[PDB]
Amino acid sequence: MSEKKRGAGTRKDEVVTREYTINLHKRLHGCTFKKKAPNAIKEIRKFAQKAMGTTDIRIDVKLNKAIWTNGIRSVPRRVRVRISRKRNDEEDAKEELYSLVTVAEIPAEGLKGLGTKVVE
Amino acid sequence: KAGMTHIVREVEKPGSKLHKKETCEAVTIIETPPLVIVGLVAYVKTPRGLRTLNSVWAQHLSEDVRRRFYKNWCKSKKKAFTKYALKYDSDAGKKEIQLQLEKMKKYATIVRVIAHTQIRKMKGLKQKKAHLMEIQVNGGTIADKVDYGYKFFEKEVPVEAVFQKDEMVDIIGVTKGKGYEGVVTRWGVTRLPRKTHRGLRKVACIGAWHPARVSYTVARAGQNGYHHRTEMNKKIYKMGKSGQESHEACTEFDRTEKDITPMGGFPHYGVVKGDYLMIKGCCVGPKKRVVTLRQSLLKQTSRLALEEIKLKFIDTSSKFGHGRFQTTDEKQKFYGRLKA
RNA sequence: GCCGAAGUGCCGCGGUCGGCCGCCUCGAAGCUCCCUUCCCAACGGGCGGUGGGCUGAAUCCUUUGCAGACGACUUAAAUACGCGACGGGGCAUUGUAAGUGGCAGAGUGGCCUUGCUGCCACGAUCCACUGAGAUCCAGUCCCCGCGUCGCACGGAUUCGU
RNA sequence: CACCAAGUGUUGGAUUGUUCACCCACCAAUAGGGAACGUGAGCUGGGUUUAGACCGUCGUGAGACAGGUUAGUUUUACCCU
RNA sequence: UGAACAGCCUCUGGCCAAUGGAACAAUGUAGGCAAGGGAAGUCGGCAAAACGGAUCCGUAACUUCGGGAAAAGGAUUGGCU
RNA sequence: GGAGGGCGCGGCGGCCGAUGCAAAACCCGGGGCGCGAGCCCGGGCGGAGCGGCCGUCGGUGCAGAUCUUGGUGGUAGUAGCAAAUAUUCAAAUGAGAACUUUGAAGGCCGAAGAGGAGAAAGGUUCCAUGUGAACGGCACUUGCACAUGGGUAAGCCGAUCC
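Residues numbered from 1 in each chain as written, not as in the entry; some residues may be left out. Chains lettered and ligands numbered in written order. Part of a larger assembly, values for the part shown. Heavy atoms only, no water.

Header annotation of the entry names cryo-EM as the structure determination method and lists the resolution as 5.5 Å.

This is the structure:
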């Protein structure tokens with residue numbers, strides 16, 4: 001899914017992946033407890049939409065489990081999410097990661113190598 | 001309006017029981033950058049009130065008008081456009097300026113200045129957009145003042161050159177927008193009192209039967225905040241700037257050096273690291289809104305302060321268990337280090 | 001050059017040029033054909049001929065929070081002192097985590113090699129490591145760390161005296 | 001005591017449905033009047049003023065009472081100004 | 001858990017259909033909390049609110065001696081060993 | 001309020017006319033007449049019977065009646081569609097899927113249940129298959145809808161018997 005560039009800025013590539021930490025803690029506090037978890041998942045779709053510039057995101061059921069396990073009224077503050085951007089169809093795919101607790105850093109460079117492996 | 005801080009000043013009076021000694025005071029801190037005066041405008045008084053005859057624009061505008069332009073004009077600096085007139089033919093434009101001098105000096109024009117606020121000298125305030133405005137010029141004879149005014153647009157004007165310390169200055173701004181608010185917080189009416197009641201925050205009756213028309217004077221809901229307001233007679237305690245106007249403080253008893261921003265910065269404004277102006281008490285507006293200071297119309301003074309009242313404490317508060325810059329911050333950081 | 005106003009018009013010069021029964025002529029005073037105002041000024045506009053010149057703005061989606069019921073206000077982004085999520089550091093909050101060690105610990109079991117360091121567990125809880133851990137911009141602050149968007153926008157649209 | 005003057009104030013409680021009333025107490029002052037007896041799609045519903053009911057009086061009785069006493073549904077604005 | 005066929009949580013059985021999305025303004029409706037004061041509010045404590053379970057202690061003028069009585073009023077209440 | 005003189009409609013006796021080569025009806029910011037009631041004529045639409053005049057006769061002329069019956073506005077695309085703790089993600093299918101169906105997930109009733117059944121009641125609603133014209137005040141390929149089929153078997157259970 002076309003991260004295309006021509007004449008303008010870094011990155012002459014299409015599909016890659018990057019791991020970014022997704023902010024649930026904003027806007028969500030303004031939202032009701034009753035609608036808190038379905039609002040929370042919608043935030044994730046919005047961030048992907050802006051970043052890629054593409055409307056179509058499908059979000060994995062594994063990601064849905066992570067948000068909703070705490071409940072409708074309790075949502076985690078942030079979750080690290082992997083955002084991949086693949087297909088001829090042009091869909092964005094998001095999934096869970098793992099970390100105990102630590103830091104956000106330079107995952108992206110290693111993930112370029114990961115994206116190459118999907119190909120060949 | 002940057003926010004508000006506090007200052008402690010050691011009074012002096014005799015009428016009431018307690019007087020003299022330290023007193024807490026609220027003070028508004030305002031960032032007041034030096035402002036780029038663009039033009040000398042000739043307004044002649046008419047029996048319909050003042051009428052401009054022409055407006056003069058500086059000889060070299062190319063960044064000033066280009067930051068100004070997302071209101072003032074529109075579009076947020078995209079494709080190199082939004083157009084202002086380019087500087088005239090060399091001796092044609094100079095002749096035009098001096099043609100104005102003749103007109104001014106025959107009817108004795110009330111000299112005025114168009115200036116603009118260069119907010120681009122500030123960084124913490126997220127707006128980059130200069131506000132064009134009219135500030136009147138006051139002084140002597142018409143010939144001298146106009147002549148000076150031409151030379152005066154070719155250079156900034158600082159805080160120290162417009163207000164003297166101690167002065168009573170009327171401060172005028174537009175209040176914080178609250179939104180739409182009830183009768184109770186718009187006119188200051190009572191709640192209607194009952195155990196339960198089909199209207200609580202309400203007025204009961206809005207007129208009488210025979211005048212078939214609701215008065216303008218009766219209290220009902222509507223917008224509140226974002227209103228022009230004048231709040232008078234504010235003592236200008238201190239004018240200064242970070243590094244190269246003011247020092248900071250004089251050490252030991254006077255006070256120890258404390259930057260006028262609170263540590264962690266002003267909530268929802270930004271961090272002050274520039275000009276500052278201490279104006280008495282509360283000031284209209286939220287934070288990140290234009291506030292204008294304009295000299296008191298009642299030049300009388302009389303006795304409120306009169307005498308100056310040496311700055312002791314600033315309360316630029318870094319507290320709730322610590323604080324007062326540098327050393328105390330280091331003490332807290334000592335209980336950190338490798339995860340703080 | 002003046003009148004600043006609501007000057008936007010007035011006054012002066014000099015040729016050029018039209019008009020001038022101002023003055024003198026020609027055929028001529030007949031060209032709306034023997035009552036039917038029969039349109040005739042010019043403030044303005046329309047429309048051609050030809051001599052120049054002006055080389056764009058605005059609006060949508062998006063964004064800010066300065067702002068908001070929704071428009072709107074007020075910021076930002078199309079190639080730049082440009083801009084964005086995290087992290088790091090500051091700032092805050094609360095109060096000292098997980099894990100590990102301990103004649104810390106009311107005590108109690110159970111095996112003997114029967115213990116002036118007896119060992120193995122159990123044990124609310126306490127302490128050390130640990131003013132720690134967790135959270136911290138959303139309407140906190142900063143960065144020149146890290147990667148991208150940043151399509152040198154084309155995607156969507158409107159306007160002429 | 002009289003004048004110009006509504007510019008600006010003119011009160012809290014106790015009790016009574018009572019405004020009125022009458023006290024307490026402050027005070028510079030605790031003026032008086034009107035606006036469908038201002039003010040119920042703003043309220044409350046305590047009074048007046050329904051249907052239940054008690055008592056007294058009057059009435060052969062049913063009932064009545066400018067006599068007392070209690071409990072008793074407060075609808076609709078989104079239209080136009 | 002606890003007296004509980006109370007409430008709350010869950011098993012087993014049964015739904016996931018209560019038009020959905022966005023902002024989440026005033027104003028409502030429904031639910032909470034408020035320093036200091038404490039019914040001064042109001043026709044009236046209307047309901048909010050507090051008390052509340054139990055064990056122990058303590059218990060009134062009065063009374064048809066059966067009661068009032070859980071009078072009032074206090075103290076106590078864990079984890080674990 | 002009376003009397004007077006007329007006009008229009010329906011039908012009947014008389015009398016005369018008109019017609020599929022276009023009657024009646026209906027439409028017409030088209031003409032003209034009469035003070036009016038009304039009339040006349042043209043054009044357009046239409047397709048089978050009709051009108052004038054003289055007598056006769058009425059269930060004979062409308063603006064209403066908190067009118068009757070039918071139609072249609074503004075209201076208004078406005079109030080609203082807000083109780084019942086709650087949805088979400090991926091796949092399947094299909095033209096089209098927040099709602100169907102399957103999984104995953106989150107929940108909810110919380111065993112005096114939103115449960116498994118019988119009474120009473122309804123009467124085929126049960127289930128398959130077909131399937132979106134109406135209807136499920138959203139949607140919809142789904143339905144307790146519509147269409148098409150099938151299904152209830154008793155010496156011991158009930159009625160019966162008393």
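K.L.:
When you look at the sheet that holds strand β12 (residues 291–295) of chain B in this model, what are you seeing that I'm missing?
P.N.:
Strand pairs in the sheet, formed through backbone hydrogen bonds, run parallel or antiparallel to each other. All names here are of chain B. Taken in spatial order, the seven strands of this open sheet run β12-β7-β10-β11-β2-β1-β13, and their pairing is antiparallel. The open sheet has two free edges, formed respectively by β12 and β13 (311–315), since each of these has just one partner strand. If you compare each strand with its neighbour and ignore which way they point, the axes differ by 45° on average. Where strand β1 (residues 3–9) and strand β2 (residues 23–30) come together, seven bridges link them in antiparallel fashion. What sits directly across from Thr5, in β2, is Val27. (Pairing = 2+ DSSP bridges. Helix = DSSP H or I, 4+ residues; strand = E, 2+ residues; numbered from the N terminus. Axes fitted to C-alpha atoms, helices over the stretch in contact; angles between N-to-C directions.)

K.L.:
Sorry, what's going on with the protein's contact with RNA strand F here?
P.N.:
Residue and element names in this part refer to chain A. Residues in close proximity to RNA strand F total 14 residues, the closest being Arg45, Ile59, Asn64, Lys65 and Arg73. Here RNA strand F approaches the protein such that, of its atoms within 4 Å, sugar and phosphate make up 69%. Measuring from a sugar or linking oxygen of RNA strand F, one finds a backbone N or O atom of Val61 at 3.1 Å. Interatomic distance of 2.7 Å between a side-chain N/O atom of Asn64 and a sugar or linking oxygen of RNA strand F. Tallying contributions element by element places helix α2 (residues 61–68) first for the surface near RNA strand F, with four residues. (Near = heavy atom within 4 Å. Polar contact = N/O pair within 3.5 Å; in protein donor to acceptor, adjacent residues only side chain to side chain.)

K.L.:
What am I meant to see in the environment of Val284 of chain B here?
P.N.:
All names here are of chain B. Summarising the element assignment, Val284 is placed in the loop between β11 (276–280) and β12. Taking the C-alpha atoms as reference points, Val284 and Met4, separated by 280 residues in sequence, lie 11 Å from one another. Not counting residues within four places of it along the chain, the set of residues in contact with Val284 comprises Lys1, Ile172, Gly173, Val174, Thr175, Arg229, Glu231 and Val291. (Contact = heavy atoms within 4.5 Å.)

K.L.:
Any chance you could explain the pattern of salt bridges here in plain terms?
P.N.:
Between side chains of opposite charge, a pair can form as their charged atoms come close. Per the counting criterion, the structure on display carries 22 salt bridges over all chains. Here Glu91 of chain A and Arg87 of chain A are joined by a salt bridge, their closest N and O atoms 4.0 Å apart. On the basis of relative accessible area, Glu91 of chain A is assigned to the buried category, the value being 16%. Classification of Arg87 of chain A by relative accessible area gives partly exposed; the value is 48%. A salt bridge links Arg294 of chain B to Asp170 of chain B; the nearest nitrogen and oxygen atoms lie 3.5 Å apart. Taken together, the residues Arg294 of chain B in strand β12 and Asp170 of chain B in strand β7 (residues 168–174) connect sequence positions 124 residues apart. Within the structure, one salt-bridge network assembled from shared partners comprises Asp56, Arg58, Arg87, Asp89 and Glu91 of chain A. (Salt bridge = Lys/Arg side-chain N within 4 Å of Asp/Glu carboxyl O. Buried < 20%, exposed > 50% of the residue type's maximum accessible area, 1.4 Å probe, protein only.)

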